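Report on one structure; see the data block that follows.
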2 protein chains.
Amino acid sequence: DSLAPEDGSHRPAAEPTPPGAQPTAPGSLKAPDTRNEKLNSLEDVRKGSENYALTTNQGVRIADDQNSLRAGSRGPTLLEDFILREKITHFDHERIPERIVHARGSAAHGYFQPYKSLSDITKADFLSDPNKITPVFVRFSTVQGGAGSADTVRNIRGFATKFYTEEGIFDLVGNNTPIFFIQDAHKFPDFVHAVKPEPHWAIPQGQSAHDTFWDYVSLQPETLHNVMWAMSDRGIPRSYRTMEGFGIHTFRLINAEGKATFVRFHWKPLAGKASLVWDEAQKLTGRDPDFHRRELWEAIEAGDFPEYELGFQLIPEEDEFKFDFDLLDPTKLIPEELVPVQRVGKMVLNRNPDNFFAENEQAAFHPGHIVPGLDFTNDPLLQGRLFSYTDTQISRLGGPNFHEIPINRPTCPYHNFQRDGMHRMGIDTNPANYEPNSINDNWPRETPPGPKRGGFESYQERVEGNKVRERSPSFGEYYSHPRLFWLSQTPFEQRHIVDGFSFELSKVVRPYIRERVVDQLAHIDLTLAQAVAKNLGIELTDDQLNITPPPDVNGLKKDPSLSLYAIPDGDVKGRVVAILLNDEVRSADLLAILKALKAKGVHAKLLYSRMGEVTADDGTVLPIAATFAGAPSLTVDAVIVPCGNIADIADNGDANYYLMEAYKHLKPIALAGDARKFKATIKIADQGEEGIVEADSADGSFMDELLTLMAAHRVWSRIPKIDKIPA
Amino acid sequence: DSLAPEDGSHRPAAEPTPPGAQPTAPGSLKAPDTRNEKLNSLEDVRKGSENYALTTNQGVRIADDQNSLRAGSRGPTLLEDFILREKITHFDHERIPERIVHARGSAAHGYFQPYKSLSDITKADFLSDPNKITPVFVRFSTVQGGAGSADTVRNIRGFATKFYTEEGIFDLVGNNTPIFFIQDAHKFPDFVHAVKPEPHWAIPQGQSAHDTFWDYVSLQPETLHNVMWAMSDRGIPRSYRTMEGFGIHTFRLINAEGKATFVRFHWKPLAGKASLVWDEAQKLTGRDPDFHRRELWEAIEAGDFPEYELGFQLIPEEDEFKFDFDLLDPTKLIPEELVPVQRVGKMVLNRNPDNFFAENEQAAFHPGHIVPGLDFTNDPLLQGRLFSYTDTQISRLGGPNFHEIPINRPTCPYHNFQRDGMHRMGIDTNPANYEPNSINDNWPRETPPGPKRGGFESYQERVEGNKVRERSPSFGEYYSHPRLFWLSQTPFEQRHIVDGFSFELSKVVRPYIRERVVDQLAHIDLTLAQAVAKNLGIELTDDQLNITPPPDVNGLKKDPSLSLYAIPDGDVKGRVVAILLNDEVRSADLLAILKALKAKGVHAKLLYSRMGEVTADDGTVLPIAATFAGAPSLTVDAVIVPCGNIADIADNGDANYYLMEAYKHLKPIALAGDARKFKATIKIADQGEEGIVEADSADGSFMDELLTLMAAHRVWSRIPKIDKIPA
Ligand code: HEM
Ligand code: HEM
């Protein structure tokens with residue numbers, strides 16, 4: 001019509017900008033200069049808008065997109081209105097089935113590069129040269145809830161990476177913990193049904209805190225290992241940038257000489273590991289159910305590209321049987337103290353999608369998509385997965401041509417004798433649709449395996465045994481890995497695990513199920529079991545108190561790589577601070593605060609009791625990002641209250657509650673000058689407290705001290721003190 | 001061999017039980033004796049489980065449902081495992097497309113009956129006989145979010161009723177406000193795309209608080225009336241039992257003589273009208289995203305059957321043009337002060353479904369499904385709806401045989417010459433599949449229209465006009481109905497409206513969009529417009545301050561039926577009270593509390609700082625429903641604190657917070673004996689406060705006071721006091 005504002009302010013800057021500074025936008029508009037081979041290959045299907053006429057799908061220009069055709073301006077709508085019917089038809093058919101699991105997920109484009117050639121252990125082309133760059137598309141997800149459920153639920157997270165290599169798509173489809181719940185794929189519908197909403201009423205969404213889950217767990221101790229991980233703060237990551245990734249299964253690397261090496265895949269977050277606390281996570285599902293999705297997108301728009309290091313645990317074929325646990329058992333992890341992770345390469349996620357539906361929702365990842373240089377093993381969970389991903393994609397994406405949906409296409413050549421199916425895009429000119437043929441001189445042709453550009457040939461593993469439906473006896477140990485995990489956690493991590501079990505079991509309506517789980521905990525660790533029992537009003541029996549603890553794992557009592565926090569890795573870049581304003585802020589404080597944060601790549605949001613602007617002591621006009629209620633402390637990592645007319649907000653219950661919530665969730669707080677008046681709301685003593693930064697002004701060491709706390713993520717020593725505060 | 005406990009406590013009693021007393025269960029097992037003709041006819045497809053062997057879908061008993069078939073017990077899974085593949089295949093294909101809108105919804109079975117014969121105004125069979133009962137299935141829903149999004153979002157709500165009548169299915173597909181946002185169906189995809197998650201990043205879920213919605217609103221002032229309703233407390237109902245329903249459009253009733261009467265449909269909740277407050281609603285999306293779903297299912301299990309009264313506004317055909325708005329405009333309401341709602345019948349929802357997916361998810365409602373005695377009008381929104389419901393059901397339910405899906409099936413005869421289509425269940429024996437035919441003597445035959453059991457004939461409305469895509473000039477007024485609604489709300493309801501607009505607009509990133517919406521508000525009411533602007537730090541211009549208020553609606557400056565609360569209608573049956581226990585509770589208090597609650601059908605939840613049991617002063621063992629943190633005050637209507645060992649909980653952070661939250665949210669609080677020591681955390685009054693019930697002991701008088709407060713729902717007089725409290 002001519003509907004935009006004259007200043008051009010409807011349009012975000014096509015340049016990196018902090019979160020909240022500009023409206024977010026399709027990736028190709030936001031970052032037009034950020035390219036890779038896959039992103040370039042999608043140009044053929046990207047559709048613009050500006051300066052084009054509005055048409056039907058058939059290209060007929062529409063004159064009046066405001067009205068149906070009727071007989072009289074108050075008359076009945078006419079069936080001949082093809083423009084109305086095409087328009088409503090498309091709308092009526094917008095939806096496709098969501099993924100059966102991991103329906104909720106958020107995705108981005110990036111690139112991967114190896115640090116050195118891995119030719120000695122694998123002929124995989126994408127790992128053959130440090131100068132070889134592989135486009136990726138990554139989706140992170142929750143597990144149980146639908147595509148419209150909340151982000152910060154307690155759940156395992158999915159971490160799936162599509163590598164568009166020169167010799168084929170390799171999908172690495174992993175999670176954020178190094179084991180899974182179950183051993184054999186045949187049980188996946190039972191486990192998933194147990195954790196998903198219960199079938200009579202479809203409650204609860206996004207939660208394992210209900211009877212059927214804990215019933216199944218109580219009857220299937222193989223689940224306890226991943227359940228320990230889920231109940232720990234691992235189940236509630238601060239963001240996808242701050243969690244680990246794992247392939248879980250042992251796979252094989254195959255080199256040019258035909259040697260097989262056992263491998264488990266790791267992703268290490270270069271930003272470090274960090275999680276929420278449960279009360280914060282749960283509240284955040286209400287205040288911002290899109291928190292992780294938003295955080296991912298805005299990090300990328302800001303330039304805080306999520307980076308991950310790919311690492312391999314490598315085990316020689318001759319060492320297959322050298323551990324207390326079976327390598328093929330996906331409920332067991334391989335302790336880094338026994339087998340180190342060797343760094344392999346770096347993955348950087350640097351561009352958001354243009355259209356979430358077209359790129360994210362239709363993306364299809366499947367762990368059967370491997371490339372020469374890789375192979376499978378007989379892990380019975382993996383073995384069944386290979387069937388499932390292909391099968392489910394045929395309904396979810398509407399037939400067997402899902403690889404022609406643009407996000408899914410290989411960047412490399414694909415030719416074969418497959419034809420037809422729904423939505424077929426490729427128009428084949430081969431005279432032949434079969435081989436062997438003479439009529440096209442047998443093209444396209446098979447290719448023998450070889451060191452590079454060769455055909456896929458399976459590693460010739462020996463198979464010997466009878467056709468059985470039987471769990472290997474080597475898989476029948478359930479408690480030592482849970483115990484190993486438990487003992488590796490810090491005291492505050494352990495408390496969080498106790499609290500997770502305690503909260504979940506309290507939602508289980510049938511008391512005998514709670515009892516049964518507590519009994520299982522008593523096989524893992526008596527201290528764990530006692531603390532959970534106490535929280536449930538349950539008394540362990542003398543028999544339970546006497547259950548002997550499970551054996552160590554190959555002589556390991558603990559392994560600190562299993563803790564989120566035991567070995568600090570605190571990166572502050574990309575984190576965010578709430579600044580609580582008043583109507584006459586000390587402009588000197590604000591210059592110091594904002595500049596110090598910017599120097600470390602830490603973002604800020606200026607909050608007030610209303611939107612608009614406030615004016616500082618010296619006339620500086622300050623734009624307000626959000627209100628105290630609008631952007632609660634849940635959404636930030638720390639809080640700073642500069643000096644000024646504090647009486648303006650000391651009376652504001654919202655401002656006080658802001659600090660009390662941030663205090664309760666162990667976040668750093670800094671109070672400059674008269675802001676120290678807020679000490680009383682949070683019961684801070686005159687002399688002070690570790691984790692509260694206070695000075696006459698925001699000058700000197702004030703910002704370094706606050707940033708030091710932010711590097712340590714949360715203020716764990718504050719835990720005994722929070723029990724009392726009413727928040 | 002993993003079995004149930006001794007007590008038979010795995011199983012809920014098949015009798016009415018209060019919420020939390022038993023695990024919930026499928027409706028036919030909870031209430032086996034609750035029947036109606038539809039519930040009975042679903043028996044052909046009900047599938048039991050007890051004492052049956054586990055099988056494949058082909059009926060083959062399975063020996064080992066724990067393992068895949070493999071070559072050796074650590075070997076690869078074999079392709080010949082048909083039991084694994086069937087099981088995984090069915091799992092892989094569980095999902096179907098969710099509804100394009102109203103994807104989130106909760107449904108129940110019930111029955112309808114008219115108070116008297118309406119044969120003088122309509123020949124509809126289901127309204128012909130006060131002793132004739134019609135089975136219903138009802139689905140309530142939100143609009144924007146996916147099937148896994150939260151219940152207590154701010155949204156219009158859907159209220160769809162399927163009447164299984166003797167002369168056909170009639171679907172009355174309404175919402176919880178008497179108007180819609182737009183005038184012509186052609187704009188529906190525009191409006192819906194604007195309110196749905198934005199297409200680049202698919203944020204936000206379940207919220208209109210984002211740029212695209214307020215952009216659309218600001219450019220399409222026809223939306224302002226329903227937006228006013230959405231921003232009021234109507235947008236966050238307490239329960240589906242405590243909101244109104246409306247068909248929105250003018251339809252027709254046709255009697256046996258051929259006379260048309262214009263009609264608008266109403267549902268009146270016999271439990272009264274009640275809504276949440278925003279902070280409570282948003283927090284509840286995090287603590288219990290299934291709150292409404294749960295509340296509906298639990299009410300039904302408890303015998304608090306949702307009841308609604310069907311009501312008609314009736315306008316003679318000769319009065320079509322007699323209002324200062326067009327009857328065919330779905331953005332305009334008909335004020336009850338102009339045309340009263342005539343009572344028509346009662347609907348009672350008295351059984352939950354057996355399987356949520358089978359019966360709720362697959363139900364298909366469509367406002368085109370009418371019956372003889374009803375007809376349409378040229379309302380241009382209704383007219384395009386008629387195209388859309390049939391069409392979307394073809395992809396969502398997999399084909400044209402959706403009426404054969406058990407929940408959708410008529411209970412009355414259906415016979416015609418249609419054949420085939422995916423998943424065809426009916427096996428037709430008619431030698432003929434066309435008419436006219438001689439080979440089957442033309443059966444099934446057309447039936448002339450008439451007074452009863454006749455064929456459908458459209459009312460022969462006169463149509464006169466040219467073929468035009470044009471909005472009727474009579475639709476081009478956008479401000480008077482928003483104003484009428486505004487002036488009819490109480491002062492606290494007006495405040496909440498202002499707060500809704502202010503909260504939403506503050507999340508709009510582009511400031512000019514906020515300014516344009518404030519400009520529209522200035523066309524409705526200057527007080528409204530100024531209060532929002534102030535919250536947004538916007539100053540109205542001189543011209544804005546001089547915008548003439550829109551005219552009254554046919555002389556009305558207010559209509560109190562538009563307010564939720566102006567006219568008392570409170571009903572406490574089915575509400576719930578938190579009782580905060582201590583470790584030595586005064587049984588005399590608890591006896592008097594529970595006796596009084598029980599007499600009015602109010603439920604209780606017993607809460608403590610842990611699970612298990614506490615023993616009262618007289619030896620009564622009290623099982624604990626949930627913890628202070630696990631079932632927050634958000635989920636209850638009022639809180640009572642009995643006396644006993646108060647020292648036990650007086651310094652508990654969660655206990656204090658519980659009262660501070662209930663206080664903030666305007667809920668009645670009752671404190672007995674030493675529990676009065678808690679008056680200090682809610683930091684106000686000592687002679688007492690209207691809204692806080694207090695006495696040395698809990699008695700007849702104490703409970704009467706508390707129950708009177710509960711009848712008035714919330715303590716509006718406390719609003720001035722809550723700004724200060726930090727919760
Ligand atoms: C090691 C254990 C497993 C891991 C790490 C894992 C990981 C994942 C991830 C990350 C996704 C989402 C991919 C995306 O973002 O689109 C996914 C989806 C899926 N998973 Fe797995 N999964 C595991 C076990 C299984 C098993 C045993 C089965 C069945 C045999 C299975 C069947 C599926 C299916 C059907 C989907 C949806 C795929 C689609 O619609 O494209 N998963 N899983
Ligand atoms: C008066 C305005 C409207 C009202 C009261 C209304 C009400 C509803 C309700 C209550 C549902 C959910 C039924 C259920 O629970 O399954 C629904 C779904 C739906 N509505 Fe409407 N709606 C309106 C306007 C429109 C318009 C203008 C269109 C399109 C022209 C439309 C298209 C749809 C579609 C496609 C569905 C999904 C139906 C299905 O999948 O079965 N609605 N609507």
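First listed ligand is number 1; within each ligand, the first listed atom is number 1. A, B, ... follow the sequence lines: proteins, then strands. Residue 1 opens every chain.
- Listed by number with element, the atoms of ligand 1 under 4.0 Å from a non-hydrogen atom of A/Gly158 are 10 (C).
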Q: Would you please test B/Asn175 and B/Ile248 for side chain to side chain contact (heavy atoms under 4.5 Å, CB included) and show each step?
A: CA-CA 7 Å; B/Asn175 278 348; B/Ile248 295 179; 4.2 Å; yes

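- Shortest contact from atom 38 (C) of ligand 1 to any protein heavy atom: A/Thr392 CG2, 3.7 Å.
- Using a 4.0 Å cut-off between charged side-chain N and carboxylate O, A/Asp379 and A/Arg385 make no salt bridge.
- A ring-centre distance under 6.0 Å is found for B/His481 and B/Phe325.
- Classification of A/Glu222 and A/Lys187 as a salt-bridged pair fails, no side-chain N sitting under 4.0 Å from a carboxylate O.
- With respect to atom 1 (C) of ligand 1, the closest heavy atom belonging to the protein is A/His249 NE2, 3.2 Å.
- Near A/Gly384, with a cut-off below 4.0 Å to any heavy atom, the atoms of ligand 1 are 30 (C).
- Between B/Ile179, B/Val192, B/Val173, it is B/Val173 that holds the heavy atom closest to atom 9 (C) of ligand 2.
- Between the side chains of B/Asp151 and B/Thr142, no donor-acceptor pair is found at a separation under 3.5 Å.
- Closest of all the heavy-atom pairs between A/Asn67 and B/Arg469 is CB-C, 3.7 Å.
- Nearest non-hydrogen protein atom to atom 10 (C) of ligand 2 is B/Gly174 O, 3.4 Å.
- Scanning the protein heavy atoms around atom 2 (C) of ligand 1, the nearest turns out to be A/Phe180 CG, 3.6 Å.
- Relative to the six-membered ring of B/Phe137, B/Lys162 misses at least one condition, a distance below 6.0 Å or an angle of at most 45° to the axis.
- For ligand 1, the atoms sitting less than 4.0 Å from at least one non-hydrogen atom of A/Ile248 are 1 (C), 5 (C), numbered in the order shown with element in parentheses.
- Ion pairing between a basic and an acidic side chain is recognised when a charged N comes within 4.0 Å of a carboxylate O; B/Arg396 and B/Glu98 show no such pairing.
- Remark: ligand 1 and A/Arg99 share an N or O pair separated by less than 3.5 Å (distance only, no angle test).
- If you check which protein heavy atom lies closest to atom 32 (C) of ligand 1, you get A/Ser388 OG, 3.3 Å.
- Look at A/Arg70 and B/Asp184 and you find a salt bridge, because one of the NZ, NE, NH1 or NH2 atoms lies within 4.0 Å of a carboxylate O, short of that distance.
- Across A/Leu381, A/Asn176, A/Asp184, heavy-atom proximity to atom 27 (C) of ligand 1 is greatest for A/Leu381.
- Using a 4.0 Å cutoff on heavy atoms, A/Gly105 does not count as a contact of ligand 1.
- Looking from atom 17 (C) of ligand 2 to the surrounding protein, the closest heavy atom is B/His102 CD2, 3.4 Å.
- Taking all heavy atoms of B/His93, A/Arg139, A/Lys162, A/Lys187 into account, the minimum distance to atom 14 (C) of ligand 1 is reached by A/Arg139.
- Looking from atom 29 (C) of ligand 1 to the surrounding protein, the closest heavy atom is A/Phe188 CD2, 3.4 Å.
- From the protein, the heavy atom lying nearest to atom 36 (C) of ligand 1 is A/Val101 CG2, 3.7 Å.
- Here A/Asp92 has side-chain heavy atoms under 4.0 Å from ligand 2, and that is the only part of it that gets that close.
- The closest protein non-hydrogen atom to atom 26 (C) of ligand 1 is A/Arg385 CG, 3.4 Å.
- The option with the heavy atom closest to atom 5 (C) of ligand 2, from among B/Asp379, B/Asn175, B/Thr390, is B/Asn175.
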Q | Trace of the ring pair (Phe, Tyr, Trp, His ring centres under 6.0 Å) decision for B/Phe159 with B/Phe246 | A | CA-CA 8 Å; B/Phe159 187 152; B/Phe246 304 94; 9.3 Å; no

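- Between A/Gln393 and ligand 1, an N or O atom pair is found at a separation short of 3.5 Å.
- The main-chain N or O of A/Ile156 is never found under 3.5 Å from a side-chain atom of A/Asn176 such that the two would form a donor-acceptor pair.
- Taking atom 42 (N) of ligand 1 as the reference point, the nearest protein heavy-atom neighbour is A/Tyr389 OH, 3.0 Å.
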(Q) Apply side chain to side chain contact (heavy atoms under 4.5 Å, CB included) to residues A/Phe163 and A/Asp171 and explain how you reach the verdict. (A) CA-CA 6 Å; A/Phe163 291 86; A/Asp171 291 334; over 6 Å; no

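- A donor atom on one side chain and an acceptor atom on the other are found under 3.5 Å apart for B/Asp329 and B/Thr331.
- Of the polar atoms of B/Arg396, at least one N or O is found under 3.5 Å from an N or O of ligand 2, judged by distance alone.
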